Engineer: 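Would you mind keeping the following structure in view while I ask a few things?
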Amino acid sequence: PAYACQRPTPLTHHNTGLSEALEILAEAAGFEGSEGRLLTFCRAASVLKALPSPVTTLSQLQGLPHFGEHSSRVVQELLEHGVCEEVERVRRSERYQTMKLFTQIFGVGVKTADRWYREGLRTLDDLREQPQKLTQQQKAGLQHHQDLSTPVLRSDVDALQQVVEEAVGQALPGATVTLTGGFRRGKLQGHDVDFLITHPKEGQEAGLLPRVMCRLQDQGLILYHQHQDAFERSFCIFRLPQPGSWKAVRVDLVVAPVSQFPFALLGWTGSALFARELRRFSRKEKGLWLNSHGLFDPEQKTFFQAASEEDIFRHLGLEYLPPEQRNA
DNA sequence: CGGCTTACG
DNA sequence: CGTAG
DNA sequence: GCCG
Ligand SMILES: Nc1nc2c(ncn2[C@H]2C[C@H](O)[C@@H](COP(=O)(O)OP(=O)(O)OP(=O)(O)O)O2)c(=O)[nH]1
Ligand SMILES: [Mg+2]
Ligand SMILES: [Mg+2]
Ligand SMILES: [Mg+2]
Ligand code: NA
């Protein structure tokens with residue numbers, strides 16, 4: 001099938017080298033603002049992740065969605081020579097290396113990275129020499145860059161979840177914390193930890209996240225957050241115990257009312273490409289508008305109610321995929 | 001040819 | 001603009 | 001870059 005949400009995609013697969021090459025090209029297309037090319041290379045990489053066995057000859061690409069002349073030539077060169085000249089040229093290019101370095105910073109996206117590149121900046125130390133060019137968010141991302149470039153381990157996640165649950169429980173008894181994002185999909189490491197918070201009584205979650213953040217702040221556990229008036233998402237930097245020391249870790253906290261929790265869980269569990277393809281499928285194939293708050297029928301002007309992710313897959317006519325099979 | 005993403009901070 | 005490579 |  002053509003859409004990633006129509007097929008299981010496990011975390012580990014049989015075409016790792018091929019998919020990683022196409023994702024280099026996708027990433028480079030994004031750095032140049034070519035959103036269409038980025039999508040195609042991302043989708044072509046995701047198709048290979050979903051295959052049941054390694055691709056060893058060009059003929060196996062026949063009939064595969066999102067493989068045309070360019071992606072097929074990349075695979076053919078990898079199969080024949082072990083390396084694709086285009087991919088290698090991208091890897092060592094000054095533009096790709098710098099855009100990757102700059103966009104990796106918390107608070108810096110492609111547009112900011114590109115402007116800094118055009119102004120001649122190239123290294124983290126170049127940015128540090130120009131603090132007037134930085135927001136407070138970017139200052140935090142720059143100062144914590146080394147820790148934030150170290151993968152968070154699954155062992156780290158359980159201790160973090162306990163401390164978030166502690167603060168959430170004092171902010172609002174009965175509220176729950178659910179691990180989302182890549183760790184819910186089975187990843188053993190990540191760039192951050194993602195949590196979704198709710199409460200079983202609709203409406204009781206209103207105003208919760210400011211109360212949670214203030215309690216974590218008082219514990220000395222928040223190295224950075226955007227409110228250090230009402231908000232429901234926080235993208236922060238946590239202080240996480242280490243042996244004889246501590247390390248900075250990115251943590252995302254999202255609050256949703258229980259009526260919307262299945263949609264938020266589906267959206268924030270990802271993968272980013274999985275969720276993007278699920279929304280594209282919903283709109284284009286089923287005529288329904290999906291987001292992290294609900295699922296809208298624009299003809300009937302009605303929202304579907306969902307009590308589970310299983311509800312939503314059924315509403316969309318899709319076979320259910322557990323989180324470990326959404327690694328598109 | 002047009003289409004290819006969201007809400008919230 | 002950033003969360004968001 | 002690929003699809004419909
Ligand atoms: N619309 C949109 N949502 C995004 C994007 N990047 C992340 N998200 C949202 C939706 C994803 O399901 C959710 C989780 O993605 P994360 O950035 O936390 O990454 P993930 O946990 O998949 O892996 P990682 O943290 O890198 O180990 O965040 C993006 O580029 N666009
Ligand atoms: Mg994550
Ligand atoms: Mg995250
Ligand atoms: Mg962006
Ligand atoms: Na960034």
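We name chains A, B, ... by the order of the sequence lines, and we start the count at 1 in each one.
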Engineer: State whether a side-chain donor-acceptor pair under 3.5 Å links A/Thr56 with A/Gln60.
Structural biologist: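 Yes.
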Engineer: Determine the contact category for A/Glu35: base if any of its heavy atoms lies under 4.0 Å from a base atom, sugar-phosphate if only primed atoms, P, OP1 or OP2 are that close, otherwise nothing.
Structural biologist: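 Here A/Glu35 touches no strand at all.
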Engineer: When clusters are formed from ILVMFWY side-chain contacts under 4.5 Å, directly or step by step, what else is grouped with A/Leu188?
Structural biologist: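 For A/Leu188, no cluster forms, as it stays isolated from other hydrophobic side chains.
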Engineer: Considering only side-chain heavy atoms of A/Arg276, which listed nucleotide, D/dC2, B/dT5, C/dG2, is closest?
Structural biologist: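 Among D/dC2, B/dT5, C/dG2, the one nearest the side chain of A/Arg276 is B/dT5.
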Engineer: Report the secondary structure of DNA chain C in dot-bracket form, marking unpaired bases with a dot and bases paired to a different strand with |, and treating Watson-Crick or G-U pairs with both distances under 3.5 Å as paired.
Structural biologist: |||..
Engineer: Looking only at the side chain of A/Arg233 (C-beta and beyond, no hydrogens), which of the listed nucleotides B/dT5, C/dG2, B/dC8 gets closest?
Structural biologist: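 Among the listed nucleotides, the one closest to the side chain of A/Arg233 is B/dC8.
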Engineer: Side chain of A/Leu39, heavy atoms from C-beta onward: which of D/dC2, B/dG9, B/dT5 has the nearest atom to it?
Structural biologist: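 So the side chain of A/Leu39 is nearest to B/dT5.
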Engineer: Using a heavy-atom cut-off of under 4.0 Å over every strand shown, decide if A/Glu232 touches base, sugar-phosphate, or nothing.
Structural biologist: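 The residue A/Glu232 makes sugar-phosphate contact but no base contact.
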Engineer: Under a plain distance cut-off of 3.5 Å, with no hydrogens placed, do A/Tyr224 and A/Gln136 share a side-chain donor-acceptor pair?
Structural biologist: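 Their side chains do not contain a donor-acceptor pair, so the 3.5 Å distance test is not met.
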Engineer: From D/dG1, C/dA4, C/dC1, pick the nucleotide closest to the side chain of A/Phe106?
Structural biologist: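 The closest nucleotide is C/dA4.
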Engineer: Could you work out which one of B/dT5, B/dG9, B/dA7 sits closest to the side chain of A/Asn291?
Structural biologist: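 Of B/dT5, B/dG9, B/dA7, B/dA7 is nearest to the side chain of A/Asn291.
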Engineer: Say we look at B/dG3 and C/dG5: how far apart would their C1' atoms be, to the nearest angstrom?
Structural biologist: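 Taking atom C1' in both B/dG3 and C/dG5, they lie 23 Å apart.
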Engineer: Taking atom types as modelled, is there a side-chain donor on A/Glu205 or A/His199 under 3.5 Å from an acceptor on the other?
Structural biologist: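 No.
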Engineer: Of all the nucleotides listed (C/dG5, B/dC4, D/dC2), which has the minimum atom distance to the side chain of A/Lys284?
Structural biologist: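 Of all the options, the side chain of A/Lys284 is nearest to B/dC4.
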Engineer: How would you label the contact of A/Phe235 with the nucleic acid (heavy atoms, under 4.0 Å): base, sugar-phosphate, or nothing?
Structural biologist: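 Answer is base: heavy atoms of A/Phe235 come under 4.0 Å of a base.
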Engineer: Is there, by distance only and without an angle test, a donor paired with an acceptor across the side chain of A/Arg279 and the base of B/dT6 below 3.5 Å?
Structural biologist: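 Answer is no: no donor-acceptor pair is held.
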Engineer: Taking the six-membered ring of A/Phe238 (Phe, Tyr or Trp), confirm whether the NZ or CZ of A/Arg250 is under 6.0 Å from its centre and within 45° of its axis.
Structural biologist: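 The answer is no; the distance or angle limit is not met.
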Engineer: With no hydrogens and no angle check, just 3.5 Å: does a side-chain donor-acceptor pair link A/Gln162 and A/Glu166?
Structural biologist: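 There is no such pair between these side chains.
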Engineer: Hey, does A/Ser234 reach any base, or is it just sugar-phosphate, or nothing, if we go heavy atoms under 4.0 Å?
Structural biologist: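 The answer is nothing, as A/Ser234 stays clear of every strand by at least 4.0 Å.
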